[PDB]
Each structure stands twice: as C-alpha cells, then as structure tokens.
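> Quick one: structure below, then a few questions.
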Amino acid sequence: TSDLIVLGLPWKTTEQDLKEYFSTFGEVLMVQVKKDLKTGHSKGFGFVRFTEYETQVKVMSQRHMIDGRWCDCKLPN
DNA sequence: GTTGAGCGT
C-alpha cells in the first residue's frame, strides 16, 4: 500500500471527516488534510493510507462525493 | 469572513 493524494476537498473538510468517509471502504491507517501553517485554512487536498491494498485500488478507481464535492484519489507525483 | 488543477517540512 502507498499514500493516495486526495484532490478537491471542500475547505471545511477535516481529518475527522475524511477518516469517517474513507473508513466505509476499509481500515484506514492515517489521513491528513494539508493546511496553511499560519491560518489553519485547508488547502483543499490531503492524503490517506489504507492497511489493505484491496481497499486502496477500490478507492483509487472511483470518484468520491465528500462534503458536497466530487474528489479524486490519485497516486502522488 | 473570499477560492477550486491542487502533490506532502
């Protein structure tokens, strides 16, 4: 398993929210929501790591409606 | 108090 980058997150979406959402597919190791260090405002993308590689491809294969926006899980660059 | 292609100290 590898980290997946999550593009398109609503600005209000928190690491708590991601954990909840992604947990529905499989077991989650960690989630991150990248934020500006001065203001804490989310930058609109984050990361996720699953324990099971099965869950990763399942998640990588489809778009995701998270808090009102379609999001994409890709392999980072 | 804003936005929507954005890739991580």
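Chains: A, B, ... in order of the structure tokens. Residues: from 1 per chain. Ligands: from 1, in order shown.
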Chain A residues within 8 Å of chain B, counting only C-alpha atoms (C1' of nucleotides): which ones, as a short mmCIF file (atom, residue, chain, number, x, y, z; two decimals) with C-alpha atoms, in the first residue's frame?


data_model
loop_
_atom_site.label_atom_id
_atom_site.label_comp_id
_atom_site.auth_asym_id
_atom_site.auth_seq_id
_atom_site.Cartn_x
_atom_site.Cartn_y
_atom_site.Cartn_z
CA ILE A 5 -3.40 12.10 -2.56
CA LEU A 7 -7.73 16.30 -4.59
CA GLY A 8 -10.75 18.59 -4.41
CA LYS A 34 -2.84 19.87 4.37
CA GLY A 44 -8.15 21.59 -0.44
CA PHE A 45 -6.11 18.39 -0.69
CA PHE A 47 -3.65 12.15 1.97
CA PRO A 76 1.13 11.29 -5.89
CA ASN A 77 3.90 12.56 -8.17
#

> Determine, counting only C-alpha atoms (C1' of nucleotides), which protein, DNA and RNA residues have an atom within 7 Å of an atom of residue 49 (chain A); residues of the same chain fewer than 4 positions away are not included. Present the result as a PyMOL selection string.

chain A and resi 2-4+28-31

> Take the residues from that selection and write them out as a PDB file, in the first residue's frame, keeping C-alpha atoms.


ATOM      1  CA  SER A   2       1.016   3.607  -0.672  1.00  0.00           C
ATOM      2  CA  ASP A   3      -0.288   7.054   0.200  1.00  0.00           C
ATOM      3  CA  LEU A   4      -3.062   8.373  -2.010  1.00  0.00           C
ATOM      4  CA  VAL A  28      -7.558   3.416   7.472  1.00  0.00           C
ATOM      5  CA  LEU A  29      -4.010   3.911   8.750  1.00  0.00           C
ATOM      6  CA  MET A  30      -3.732   7.710   8.539  1.00  0.00           C
ATOM      7  CA  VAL A  31      -5.415  10.688   6.932  1.00  0.00           C
TER       8      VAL A  31
END

> Take CA of residue 66 (chain A) and CA of residue 38 (chain A) and report the distance between them in Å, one decimal.

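Distance between the two atoms: 25.2 Å.
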